[PDB]
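There are 2 protein chains.
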Amino acid sequence: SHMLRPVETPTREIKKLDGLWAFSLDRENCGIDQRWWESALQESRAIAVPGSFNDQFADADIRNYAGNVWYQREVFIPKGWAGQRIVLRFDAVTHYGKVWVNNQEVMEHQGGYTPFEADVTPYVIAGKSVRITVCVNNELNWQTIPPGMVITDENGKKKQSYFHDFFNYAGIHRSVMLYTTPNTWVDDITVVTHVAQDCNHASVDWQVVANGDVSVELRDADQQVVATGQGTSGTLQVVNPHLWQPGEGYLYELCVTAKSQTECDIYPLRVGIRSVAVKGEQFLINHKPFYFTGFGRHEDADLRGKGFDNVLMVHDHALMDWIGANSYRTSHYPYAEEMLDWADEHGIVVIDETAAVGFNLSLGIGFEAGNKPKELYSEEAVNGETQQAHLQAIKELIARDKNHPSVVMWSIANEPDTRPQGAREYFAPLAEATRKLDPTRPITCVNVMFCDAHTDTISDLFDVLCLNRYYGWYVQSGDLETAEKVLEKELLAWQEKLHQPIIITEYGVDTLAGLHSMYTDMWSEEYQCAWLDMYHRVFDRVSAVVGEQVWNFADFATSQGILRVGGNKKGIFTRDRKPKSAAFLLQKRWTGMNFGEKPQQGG
Amino acid sequence: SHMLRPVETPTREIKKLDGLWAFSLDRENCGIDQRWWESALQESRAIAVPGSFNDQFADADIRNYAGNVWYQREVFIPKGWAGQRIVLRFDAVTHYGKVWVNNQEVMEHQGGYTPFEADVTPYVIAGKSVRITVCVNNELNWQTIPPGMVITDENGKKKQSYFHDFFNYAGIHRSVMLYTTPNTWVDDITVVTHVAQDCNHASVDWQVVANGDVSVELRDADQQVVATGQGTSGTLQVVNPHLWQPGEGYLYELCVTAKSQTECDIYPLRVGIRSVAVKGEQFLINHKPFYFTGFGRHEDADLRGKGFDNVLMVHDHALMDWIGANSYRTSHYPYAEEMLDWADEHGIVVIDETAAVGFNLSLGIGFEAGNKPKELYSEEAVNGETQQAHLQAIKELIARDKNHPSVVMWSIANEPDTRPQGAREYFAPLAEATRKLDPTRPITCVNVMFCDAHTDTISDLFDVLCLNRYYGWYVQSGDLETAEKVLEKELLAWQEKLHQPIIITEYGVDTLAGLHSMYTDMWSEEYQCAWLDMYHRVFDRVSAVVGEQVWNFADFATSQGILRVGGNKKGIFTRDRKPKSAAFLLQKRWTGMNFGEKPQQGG
Ligand SMILES: Cc1ccc2[nH]c(=O)c(CN(CCO)C(=O)Nc3ccccc3F)cc2c1
Ligand SMILES: Cc1ccc2[nH]c(=O)c(CN(CCO)C(=O)Nc3ccccc3F)cc2c1
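Line order of the protein sequences matches chains Y and U.
Quick note, the first sequence lines up with residues 1 to 603 if you use the working numbering.
Quick note, the second sequence lines up with residues 1001 to 1603 if you use the working numbering.
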């Protein structure tokens, strides 16, 4: 369906992200049989909502819970919403959630990171109080988008196992909200920006009205009409542009309007006039070679898990600003739009990624049998339905983010095993579909290291080569000398094989804050510096390398294991955002370069 | 003035705590002169708002900034607030704030932990947007509630000095909002709940209205009318009840109804049926010998400072609950109301405290530079204005929390130096006025240790004896063997002198998380455990001691100094809420007792 971020013009939001809701588990899964959405959640406890439910209660049982949980709260409908289209919207409900407005089911959704909404007008009376019950499921299987395997022992007690690194946090991670629109209302927009060697060109507009005549107009930062248009679906505006630039991110405003014989609708969409294209080994932005620096990030912090927070966001962007990072990838799932809005406004360049991580049965900490399917691409494991769900995930992401200028490329997935035979058969259609859905952005699929230049089967189907490389860590452990020979050899292989622009989208080493060593070995702050330093020497020798995104700006939680010391420690910053010495290393290299430009080969 | 916690039926809130305001510093203090509230803040940046401005940007020059900062924001006013009361309310603006609606100065407030509000109807138009500018000041001087001394050096820059331990966080710490009201509006309510010997008794209701007849109806949790009152002036509803007990905390809902011939105003007030008093050497909640357990706390956390957070609140309470804490103190300032709303609902007992802290001038080892007034109570320093401002502080807090059943006691001040001359003539009037503001709750002043039995001039004026003691820490450094003698010798010296209930409001020791020592010495977890043990042993032998609160629940930030290792480390939990070995020690002692019941000497 159509998706537009709610703003407040003839429209209005009652946030209802207002924190406190009632909360209780369903350990027996009799919540639907007993119709819990019909009565006050019995035996419930307070919970904060935008957030993960796992960490809020310092309870291991609640944290490791698999299955259904229930949220609930009563809210008032603004009396002034008398005759309006009243919509209930969840910016995210991790993995699955079903919604009842007082014994009337309105929604159902299967993906944890994108919004779903429903017209609740016929089920809400303006000025009264309603009972909103959400049932949330945090289970993964071979058709869910991060694939997964829910294991159930002889006792019936379920247990979630997955193939990605980060912890499987669940719950309502983002805002829920009631919002208003007139019965004639803009409900879908699509803007393509074009540019021709930086003096003028056009923005195609494509508008889906909920039954109205649409007019449109483009406004400066100082709010003046620089262009104007009429008609529905089709338009091309022409300009003398202030281009959206990685540095500043100048934004115009396209004000879309929907007119009945009786009702108006005004929707302002921030627009960034910029071109994103690949030419050979280069990633051109506004027809200029751009060099990515920054992080693979995560949505993760103490207490709130993947729950959104404005302070966290403000702080992290201050940090990424200080350190000199010009980019990042929404590591492994669509991030909260607030992030993309920030990126739009501050000129931050983003690699937007689906939640499609886990395709791989070969990332294992060995020697626990842990029978996984023997065929990755097979009816048991990654099958036709999976491909659909995957396709669906791509659709829902693009539908949401197609208009963000900050997004400079789509990432279909992260580290699938591309060796097995069905790999190319599974991904080819997804690469073609993605291009259909958005023709205006280069496409990528993040590559795991054991599917190297000689064994990978998929990378030619994409535009930019995004590599996850750990030479000197998981392999050639603690050996910088040989890791460097391999890294550079593998990069040159990829260069000559595909002649695409290479971005190292992951490189980093677990590092204990405060672990110092004269011998500069693996888990020490000094090693993290020596490692990163070595990678950088290599990158500056390889012309096709067009980007470097360190594996993790900050330590994050993972599933328990012998590889993970209370989580992943590849953070440049700790989880409470305190900088390891590598932070200062990067700030020198990144602030030291000419902005958005690859280093001549040496200082 | 009149303060009511906004709730939602004939009233509606659009929370302006939509994080992301415009923010800037005014290092030239020329914003007021240049009328910054008239246009958009130039040289601004996004800031999340609830929460301190200090830490959001990982910047020292902003963290330590003293002077004025500016918050700005725009907000559409709801169409449905057609001809209604529109009230702009800030739950807190640390220290000072001046507010402008577009160009209209609508507000001004000194005090940082209590709300203020005003009617903005004439300056706002429903259906339109309005610009909101807030000038926030963090400066502290002698006539301020947290007293202090700002020193402008030869250069044009200010540098704040103060006398309390915790860091001087500032900014908009709590919810800000627009909330609506009919023109006939309840604007004040006061409730006193008398009980006697636990079979039955009534509640006086007394309230102020904007011209409306009041239908006062008391309700079950089940919404059944268990009593009814009549008349805009008060009542006595004498029925047999369900007591608000510390264990579970039952709650009645007294609905207050104001009426005009044209408009009707409904307001639900949470009412906890309980009595509180001092009887000899006992604290009697519902006529029961109680025993306080818990912490002295602080509004403090990573990144956000003293800014409120639902997750943080949900988690901390999960901890206190788990560890066995049945009570705590709003240490050194009025906390956000949510904390008390939560305490009411969960039967959490709460010693409410004013921001009166810093009244003392001998409070450290200063190696550093002379002049700091000579006479604490003197026109130089703590004087007429300062007793006024102090009174004003007692007023506002009580005007807000007089109806919170969790509040079982008022704390006038913290660690005042009561040896100088004016000490007794200063606190006597305030001690008198407080009871005159609320005679339903006992009152205390938290005592510093160098005012001890033979030297404190001011304890007799209060009902309960609250003592901060570090006998094994600041003095008798690391000698549990003598620290015991002194402590008991001291406690028994207090008992015989005043014959009041004794609560140790502060007892704890700095402890580096992860510092272990076979020698069980200072700043080691082992020591912290041994120290707290030693105290418990002494409490267990003084029949007068009715309450124990460990020093801080969690490590927090302080001003820079030799005694503060990256902040006060006296937390039982670290700042990110990870427990020190003392947590499990307290766990066993606290949950191990009978609820609200002192051990039988020993145990
Ligand atoms: C050349 C080669 C061959 C085999 C490999 N196998 C691996 O597992 C990994 C680690 N992998 C990171 C991959 O980039 C990870 O994320 N691991 C993980 C997570 C949860 C449980 C157990 C786990 F090992 C690297 C790897 C490299
Ligand atoms: C018997 C005696 C005599 C003199 C003393 N002087 C002190 O300072 C303290 C410490 N005090 C806690 C009081 O309970 C504190 O809060 N200190 C502080 C804070 C910031 C900077 C420097 C600082 F010393 C105790 C104390 C005891």
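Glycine included, each C-beta is placed from N, C-alpha and C at the ideal position.
So, using beta-carbon positions, are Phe1308/U and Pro1147/U closer together than 7 Å?
Contact flag unset, no.
Using a 10 Å radius around the Cβ and a threshold of 16 neighbouring Cβ atoms, would you call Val1136/U buried or exposed?
Answer is buried; the Cβ neighbour count reaches 16.
What does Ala1092/U touch in chain C if you count any residue whose Cβ is under 7 Å from its own?
Going by chain labels, chain C is absent from the structure shown, which instead holds the protein chains Y and U.
Distance check for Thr1520/U and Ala1530/U, CA to CA, integer angstroms please.
C-alpha separation (whole angstroms): 8 Å.
Shorter than 6 Å, the distance from the beta carbon of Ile365/Y to the closest heavy atom of ligand 1, or not?
At least one heavy atom of ligand 1 is nearer than 6 Å to the Cβ of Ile365/Y, so yes.
Does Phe1553/U have its Cβ less than 7 Å from a Cβ in chain Y?
No, its Cβ sits nowhere closer than 7 Å to a Cβ of chain Y.
By a C-beta neighbour count over all protein chains shown, 10 Å radius and 16 as the cutoff for buried, is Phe90/Y buried or exposed?
By the neighbour-count rule (16 or more Cβ atoms within 10 Å), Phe90/Y is buried.
In this structure, does DSSP put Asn64/Y in helix, strand or coil?
Note: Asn64/Y maps to coil in three-state DSSP.
Does the beta-carbon of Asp165/Y, which I'm using as the reference point, lie nearer than 6 Å to any heavy atom of ligand 1?
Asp165/Y Cβ: within cutoff of ligand 1.
What in chain Y is Cβ-close to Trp1081/U, meaning under 8 Å?
Simply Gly80.
Say yes only if the C-beta of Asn1414/U is nearer than 6 Å to one or more non-hydrogen atoms of ligand 2, and no if none qualify.
Because no heavy atom of ligand 2 lies under 6 Å away, the Cβ of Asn1414/U does not count as near it: no.
Secondary structure at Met107/Y, three-state DSSP: helix, strand or coil?
Correct three-state label for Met107/Y: strand.
Going along the chain, which residues of its own chain have a beta-carbon closer than 7 Å to the beta-carbon of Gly567/Y, five neighbours each way excluded?
Excluding sequence neighbours, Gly567/Y sits near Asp555, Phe556, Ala557, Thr558.
Could you give the DSSP three-state label for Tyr1377/U: helix, strand or coil?
Strand.
Between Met149/Y and ligand 3, is there a pair consisting of the residue's CB and a ligand heavy atom that are separated by less than 6 Å?
In terms of ligand content, the structure shown lacks ligand 3 and carries ligand 1 and ligand 2 instead.
Going by DSSP in three states, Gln549/Y sits in which element: helix, strand or coil?
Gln549/Y falls in the strand class under three-state DSSP.
By the 10 Å Cβ neighbour count, where 16 or more other Cβ atoms means buried, how is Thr1482/U classified, buried or exposed?
Under this definition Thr1482/U is an exposed residue.
Thinking just about the alpha-carbon of each residue, which of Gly294/Y, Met107/Y, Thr133/Y is nearest to the one in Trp37/Y?
Closest by alpha carbon: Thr133/Y.
Going by other Cβ atoms of all chains shown within 10 Å of its Cβ, with 16 needed for buried, is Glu1353/U buried or exposed?
Result: buried.
With a threshold of 7 Å between beta carbons, is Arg1304/U in contact with chain Y?
Output row for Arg1304/U: interface = yes.
Quickly, what does DSSP pair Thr228/Y with across the bridge? List them, please.
According to DSSP, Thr228/Y bridges with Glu217/Y.
Give the residues of chain U in contact with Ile47/Y, contact being defined as C-beta atoms less than 7 Å apart.
Those within 7 Å of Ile47/Y in chain U are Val1314.
Tell me whether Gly561/Y, by its Cβ, gets closer than 6 Å to a heavy atom of ligand 1.
Yes.
Can you say whether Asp1401/U is buried or exposed, counting buried as having 16 or more other CB atoms within 10 angstroms of its CB?
It is buried - the Cβ of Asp1401/U has at least 16 other Cβ atoms within 10 Å.
Which one or two residues does DSSP pair with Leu284/Y in a beta bridge?
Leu284/Y pairs with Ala277/Y, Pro289/Y.
Do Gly1272/U and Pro1405/U have their CB atoms nearer than 7 Å?
A contact, by the Cβ cut-off of 7 Å.
From the DSSP output, read off the bridge partner residues of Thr1181/U.
Per DSSP, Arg1085/U.
Please identify the residue among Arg541/Y, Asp265/Y, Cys30/Y, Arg85/Y whose C-alpha is closest to the C-alpha of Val186/Y.
Nearest C-alpha to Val186/Y: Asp265/Y.
With H, G and I counted as helix, E and B as strand and the rest as coil, what does DSSP make of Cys451/Y?
It is coil, neither helix nor strand.
Let me know the secondary structure DSSP gives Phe584/Y once reduced to three states.
Correct three-state label for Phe584/Y: helix.
What's the C-alpha gap between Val238/Y and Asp438/Y?
If I take the Cα positions, the gap works out to 22 Å.
What are the residues that DSSP puts in a beta bridge with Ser411/Y?
In the DSSP output, where bridge partners are listed per residue, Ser411/Y has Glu353/Y, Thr444/Y.
What are the uninterrupted segments assigned as beta strand (DSSP E) that are 3 or more residues long and contained completely in the segment 7-32 of chain Y, given in chain order?
Entirely contained in the segment 7-32 of chain Y, the beta strand (DSSP E) runs reaching 3 residues are, in chain order, 20-26.
Ligand 1 and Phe292/Y: does the residue's C-beta get closer than 6 Å to at least one heavy atom of that ligand?
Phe292/Y Cβ: outside cutoff for every heavy atom of ligand 1.
Using the Cα positions of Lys1098/U and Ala1118/U, report the straight-line distance between them to the nearest angstrom.
One C-alpha to the other measures close to 12 Å.
Provide the residue span of the alpha helix (DSSP H) that contains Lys1436/U, from first to last.
Segment 1423-1437, the alpha helix (DSSP H) holding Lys1436/U.
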